[PDB]
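Read the structure below first, then the notes.
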Amino acid sequence: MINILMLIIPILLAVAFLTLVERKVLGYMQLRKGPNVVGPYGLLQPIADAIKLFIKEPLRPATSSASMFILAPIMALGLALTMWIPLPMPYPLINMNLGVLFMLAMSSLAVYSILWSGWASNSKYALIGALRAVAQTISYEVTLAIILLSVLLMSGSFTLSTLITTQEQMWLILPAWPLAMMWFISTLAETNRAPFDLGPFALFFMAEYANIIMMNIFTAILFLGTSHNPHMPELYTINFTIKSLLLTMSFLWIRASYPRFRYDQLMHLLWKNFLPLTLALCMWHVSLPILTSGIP
Amino acid sequence: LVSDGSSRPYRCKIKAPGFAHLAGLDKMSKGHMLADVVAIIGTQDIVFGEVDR
Amino acid sequence: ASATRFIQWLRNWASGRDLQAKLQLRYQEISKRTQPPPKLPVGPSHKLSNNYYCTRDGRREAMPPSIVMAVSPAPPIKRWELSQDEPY
Amino acid sequence: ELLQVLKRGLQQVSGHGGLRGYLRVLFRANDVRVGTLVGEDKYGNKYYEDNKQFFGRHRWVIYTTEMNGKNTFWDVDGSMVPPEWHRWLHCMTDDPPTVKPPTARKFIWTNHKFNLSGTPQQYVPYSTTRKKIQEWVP
Amino acid sequence: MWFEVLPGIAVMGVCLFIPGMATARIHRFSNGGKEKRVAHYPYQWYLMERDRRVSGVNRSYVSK
Amino acid sequence: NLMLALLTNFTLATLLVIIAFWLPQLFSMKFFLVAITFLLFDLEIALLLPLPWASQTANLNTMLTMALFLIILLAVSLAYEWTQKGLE
Amino acid sequence: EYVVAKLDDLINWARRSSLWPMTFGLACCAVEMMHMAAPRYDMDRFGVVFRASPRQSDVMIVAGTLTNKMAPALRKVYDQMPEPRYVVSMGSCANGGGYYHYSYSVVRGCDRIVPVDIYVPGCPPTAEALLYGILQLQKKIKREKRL
Amino acid sequence: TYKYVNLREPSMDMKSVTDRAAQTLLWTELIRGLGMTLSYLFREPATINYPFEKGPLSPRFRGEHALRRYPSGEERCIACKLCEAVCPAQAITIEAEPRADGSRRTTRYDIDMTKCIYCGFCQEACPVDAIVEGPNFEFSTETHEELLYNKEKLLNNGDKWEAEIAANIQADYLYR
Amino acid sequence: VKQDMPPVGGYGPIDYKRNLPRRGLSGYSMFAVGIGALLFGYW
Ligand SMILES: NC(=O)c1ccc[n+]([C@@H]2O[C@H](COP(=O)([O-])OP(=O)(O)OC[C@H]3O[C@@H](n4cnc5c(N)ncnc54)[C@H](OP(=O)(O)O)[C@@H]3O)[C@@H](O)[C@H]2O)c1
Ligand code: SF4
Ligand code: SF4
Ligand code: SF4
């Protein structure tokens, strides 16, 4: 079992190299240039940030409440890496009995990471500011549950392997046309900075950037796929990396282009604007496999 | 400018828009959120250098 | 691809007409070292005869008259009509 | 169109050295670009500019390896460029050792010094006070 | 230009490309046929149970 | 094994915390209603969970009348929420 | 030994590569500070980012005038900074009070409150001269941390 | 001449209402917002690599204080104290003395960079054109002692920049 | 002599707007594409 170690270390490198792409794409979106002084094209900075932030940079304790502050990174980094396990990359690491149920649960358990960090500081201004950020993460997981339950209702069971077979010639973007717009906004939930923004600082957002790639690959299975081809696993993986990274650029696009929504009006986007639309689609997606025969 | 026969102006005052716009914030903020206050300062353009006199 | 021919079609397509007037825009008609040494012109002075400071008073009429101790301050500020170039 | 842009990049690598030439420029400088050279400078600075390129194109003033005794190969700042910055790098049009030379005064230093920092031979203040003398003698 | 941006994508075309290849190429070593079977429902597990009963006592996936 | 996959992720996560600490040497009741609405909607989603799972075998005329009914009352609850919800 | 000396270079290079600042406004200098973000004189070309992050930040750049009212305000921020910290006095006010040196309300140039490592001399500190607030700082990192 | 801002509800019936309703049901203006940023990415970044490329400047620029001298040696400054009186920061300090050989010149001449707002009055108030502002940025220091310029000793080290100064002053006489 | 010559031709935006409709306005057309994508999607 070397595969688990082949889904942690190169995965953490993808999180490390994200900081460059976030600085370079947003850079070219702002007419400035990316990192260049560091390496050949600034490629030696993700390792340079790792030596800077971890080794010599210390932590001045605000209070250090015994069990917490050291427990919150375990709920952050640990739960972000467990999400990679059931992903249907050609043949997944120990394929689950139900795929998306494990996907939705560990993402909803990732809410504690920002909750325990709110308890980590003694100051009241920190926790009230923390609960406001929890309120954003807590609300958009209702829509995350609804859109998933309407996409699967079209085709496939909870297994992630069956979501590849349904997209043999046609993507799920076209039958779920309003849901494709809806799921893209609802993915901006785990402090994505594009809708609204609130141990050490370093490893805390290493889990937050990992969740961005996680949702980028999750969009690339639920809505993309093109084919499978069991004969050659290479042809799928090359095609998947292009599809996943094109959605990764779009998260660096919304963050670059659009300002903060005002927290109240972001909560007015849900319940008043999003939830009447998604439930009407949820009603519509119940009737579709009954109107025309298609219940796999 | 208040001036004498000498070359030195004894007290001059420039009442910059800072004192005018910051006086309005007692009325501008009534029945508005925390994030609304951020929008008020920018659109009025309360440059903090204005508050000198 | 970094070729200008194909890229200029993309930037023109995605919202509004571009092509001309670049982001950098410092290619042509940017004069370095300004110009050959010029001669600055003189005003109503410099030329001699009838250049007295008796005529060019400057700081002379300055003394404030103490007054007294229906009339308007000015004819009332009449409103101006809407712009001919753009109504709204 | 794409083949023409790729051929321009390959010719740019062939211009400034080659496999060892372009790699030395990419590591030391921010970006490698080919252009016409001015050449003439005290302590071998390249100053290869003249190209149209983009906005404010007095490009590539490559720093000399060890100007006075600093060994500037891996780390180099704007401490270089002896009296030529006003023409070949910033304001004027004509090249300092090619078209318009600075007039001799026999007072200005022939060798230009590096940036004054925490290293020895740094700046220090003093006063011109002769002081009020005190007289006491047996 | 894109001689700076695309190397940032090409490095992601290696590290994010690893988990797809590593999970696929590992079945060469685990199985003599490059395949691992998932049960999902008790019927396919019983087929795997009798596959271990036939010919190869220890190995799960074996021909005949 | 699933436990082998879980523990390896958590042990390396705690290992990074060891590097993070040992290696260096030198109010508002309105937000409560959000949590109330969330938890009450979760259970309706939990009841609407077996939709692409139970429809494969069961009768469609009996299910469709009940499946929409849960989403109706999920919207009827929101219809009561619209009449004076809050400033947030 | 030789192995330890080369390892200390790598720790110094980690800071020489990337420096994340908490830039203080409260000045006319603050506009020239914002000209670092301006594409013509790019600073994100280095390992420097305008994300600020007040608690995380390394090199606080004190731009311009420091009054007696803001004097205890900047000091408590400096104490909350992590141990590898540098202070850049940006502008003539931050150096020793360009103007307002003889005024009652202005502290005479930062050093009386917070120790300064690199001085930036110019009133409007030109984005040319301000890149000595980064590159000269990066040059000055030798440290010679032997033991 | 009276412009207006508000359009006062452009929508009336069917055609003018539904398209305004379209940018709220679906997005479109988000795609239109995406379009301007898309064209902005493809156009070349206007960036200057500082140690190799330099930003554009003027023939008459103020930044570095250095006192000039005549072509045949001899200190150009006269110790009028004129530049002291004009100085708005009151930065420049000056003590005058005869040089025992008839000529009236300088002894103490400190222009501290702790003060001075680089206004360039001393450049324009000097009748002999002693202080000419050299186009320099290379003077960032570790200490105050290293920063504030001493009695001519570091200012006559501005002779190393006098090759630019003599060329840049050719825009000053007969102004620009 | 220092003087200024007027090069006036394209002065700029004298209350002029470049906000023009692009890639086809909605109204009824984009809805026909939207519902059309659904009908092609389900079939
Ligand atoms: N309250 C008390 O603890 C107490 C009680 C009674 C008497 N005292 C006396 O009062 C003094 C208080 O000082 P302290 O204990 O507070 O000092 P300390 O905190 O131990 O610090 C000593 C500093 O001096 C430098 N240093 C010491 N010996 C050195 C050497 N041989 N070569 C080079 N550098 C040297 C070290 O720098 P490097 O690390 O760079 O070498 C170190 O930073 C002591 O000397 C002690 O005799 C103190
Ligand atoms: S140094 Fe100049 S620009 Fe900076 S704060 Fe002081 S007066 Fe303003
Ligand atoms: S610098 Fe000029 S004005 Fe000042 S004392 Fe010297 S000669 Fe006189
Ligand atoms: S530039 Fe202005 S403030 Fe500076 S020394 Fe000269 S006169 Fe004084």
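A short reminder: the numbers here are calculations on the coordinates, not readings from a lab. Neighbour counts are summed over all protein chains in view; Cβ atoms, including those assigned to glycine, are modelled from backbone coordinates with ideal geometry.
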Out of all the residues in the range E:17-35, is one or more aromatic (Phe, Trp, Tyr) and within 26 Å of residue A:45 (Cα to Cα)?
yes
Subset of the range H:56-110 [assigned to a strand (DSSP E or B), closer than 25 Å to residue D:131 by Cβ and basic (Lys, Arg)]:
H:104, H:105, H:108
Would you pick out the residues in the range H:114-139 that are away from ligand 3 (no atom under 13 Å from the Cβ) and closer than 20 Å to residue H:162 by Cα?
H:118, H:134, H:135, H:136, H:137, H:138, H:139
In the range D:114-128, anything out of contact with any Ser or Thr (no Cβ under 9 Å at 6 or more places or on another chain), more than 7 Å from every other protein chain (Cβ to nearest Cβ) and within 24 Å of residue H:68 (Cα to Cα) is listed as D:121
Looking only at the range A:179-201, count how many residues are surrounded by fewer than 18 Cβ atoms within 10 Å (Cβ to Cβ) and within 12 Å of chain I (Cβ to nearest Cβ).
1
Among the residues that make up the range H:153-170, is at least one of them in contact with a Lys or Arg (Cβ under 6 Å, 6 or more places away or on another chain), within 15 Å of ligand 3 (Cβ to nearest atom) and part of a loop (DSSP other than H, G, I, E, B)?
no
Residues in the range E:38-55: is at least one under 30 Å from residue A:13 (Cβ atoms) and either loosely packed, with under 13 Cβ neighbours inside 10 Å or at the interface with chain A (Cβ under 9 Å from one of its Cβ atoms) (or both)?
yes
Of H:77, H:83, H:87, H:119, the only residue that is within 16 Å of ligand 2 (Cβ to nearest atom), crowded, with 17+ Cβ neighbours inside 10 Å and farther than 26 Å from residue C:35 by Cα is H:87
Answer yes or no as to whether residue A:47 is outside any loop (DSSP other than H, G, I, E, B) and within 14 Å of chain G (Cβ to nearest Cβ).
yes
Filtering the range H:61-89 for residues that are within 6 Å of ligand 3 (Cβ to nearest atom) and within 12 Å of chain D (Cβ to nearest Cβ) leaves a count of 1
Mind listing just one residue for me: the one in the range H:88-144 that is out of contact with any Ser or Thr (no Cβ under 9 Å at 6 or more places or on another chain) and among the aromatic types (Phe, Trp, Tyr) and, of those, nearest to residue H:158 (Cα to Cα)?
H:139
For residue A:151, the lone unmet condition from (1) touching a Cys at 6+ places or on another chain (Cβ under 7 Å); (2) under 30 Å from residue A:78 (Cβ atoms); (3) within 14 Å of chain I (Cβ to nearest Cβ) is (1)
Which members of the range C:51-79 meet the condition of being closer than 30 Å to residue I:4 by Cβ and loosely packed, with under 10 Cβ neighbours inside 10 Å?
C:58
Which numbered condition residue H:139 misses (of (1) crowded, with 22+ Cβ neighbours inside 10 Å; (2) under 24 Å from residue D:92 (Cβ atoms); (3) away from ligand 4 (no atom under 16 Å from the Cβ)):
(3)
Within the range G:16-49, the residues that are away from chain A (no Cβ under 14 Å), assigned to a loop (DSSP other than H, G, I, E, B), away from ligand 4 (no atom under 16 Å from the Cβ) and of a type outside the set (A, V, I, L, M) are G:23, G:25
Subset of the range E:11-37 [facing chain A (nearest Cβ under 7 Å) and out of contact with any helix residue (DSSP H, G or I) (no Cβ under 7 Å at 6 or more places or on another chain)]
E:11, E:23, E:24, E:26, E:27
Show the residue pairs that are 6+ apart or on different chains and have beta-carbon atoms under 6 Å apart, the first residue being within the range H:130-144 and more than 9 Å from chain G (Cβ to nearest Cβ) and closer than 12 Å to residue H:168 by Cα, the second being assigned to a strand (DSSP E or B) and of a type in the set (A, V, I, L, M, F, W, C).
H:134/H:66
Condition first: surrounded by fewer than 20 Cβ atoms within 10 Å (Cβ to Cβ), within 14 Å of chain G (Cβ to nearest Cβ) and in contact with a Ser or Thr (Cβ under 8 Å, 6 or more places away or on another chain). Can you find one or more residues in the range A:7-29 that meet it?
yes
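Scan the range H:1-30 for residues that are more than 9 Å from chain C (Cβ to nearest Cβ) and either closer than 30 Å to residue E:5 by Cα or in a loop (DSSP other than H, G, I, E, B) (or both) and report the count.
So the count comes out to 11.
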Would you tally the residues in the range G:115-147 being β-branched (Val, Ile, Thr) and touching a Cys at 6+ places or on another chain (Cβ under 8 Å)?
1
List the number of the failed condition for residue H:148; all other conditions in (1) away from chain G (no Cβ under 14 Å); (2) within 19 Å of residue G:112 (Cβ to Cβ) hold.
(1)
Of all residues in the range F:3-34, how many are at the interface with chain A (Cβ under 7 Å from one of its Cβ atoms) and surrounded by 10 or more Cβ atoms within 10 Å (Cβ to Cβ)?
18
Please note which helices (runs of 4 or more DSSP H) are completely contained in the range F:1-81 and include at least 3 residues that are small (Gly, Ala, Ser).
F:2-21
When residues of the range G:110-129 are limited to those that are under 12 Å from the mean Cα position of the chain (by Cα) and more than 15 Å from ligand 2 (Cβ to nearest atom), the one surrounded by the fewest Cβ atoms within 10 Å (Cβ to Cβ):
G:115
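Suppose we filter G:78, G:99 for residues that are facing chain H (nearest Cβ under 7 Å), more than 11 Å from the chain's Cα centre (by Cα), over 23 Å from residue H:50 (Cα atoms) and among the aromatic types (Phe, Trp, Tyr); which single one remains?
G:99
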